[PDB]
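Here the numbering used here is used: the first residue of the sequence shown is 17, the next is one more, and so on.
Below is one structure; the comments refer to it alone.
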Amino acid sequence: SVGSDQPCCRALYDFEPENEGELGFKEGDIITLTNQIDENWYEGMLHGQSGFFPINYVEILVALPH
Ligand SMILES: [Cl-]
């Protein structure tokens, strides 16, 4: 398995993608966190796909480095 120290977050709400760069998900999904683009958007992965999603839609479980 990937290490338990892999940055990740829990979706608190559904997010449906409205462009082809966004990573959609459903409430409760555990998203692999890969980057923070700005004060509003993360990048991450779920089920092998990658894309952007709102910081405000998730609960951090393991934070990216600061
Ligand atoms: Cl620290």
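Positions of the beta carbon are idealized from the N, C-alpha and C atoms, including for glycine.
> For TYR73, which of helix, strand or coil comes out of DSSP?
Replying inline: The sequence position of residue 73 within the sequence shown is 57, counting from 1. Judged by DSSP in its simplified three-state form, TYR73 adopts helix.
> For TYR58, which three-state DSSP category applies?
Replying inline: Walking along the sequence shown from the start, residue 58 turns up at place 42. Looking at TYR58 - three-state DSSP - the assignment turns out to be strand.
> Is DSSP giving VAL18 helix, strand or coil here?
Replying inline: The residue you call residue 18 lines up with position 2 of the sequence shown. Here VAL18 sits in coil by DSSP.
> In three-state DSSP terms, what is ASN35?
Replying inline: Against the sequence shown, residue 35 aligns to sequence position 19. Of the three classes helix, strand and coil, the one that applies to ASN35 here is coil, per DSSP.
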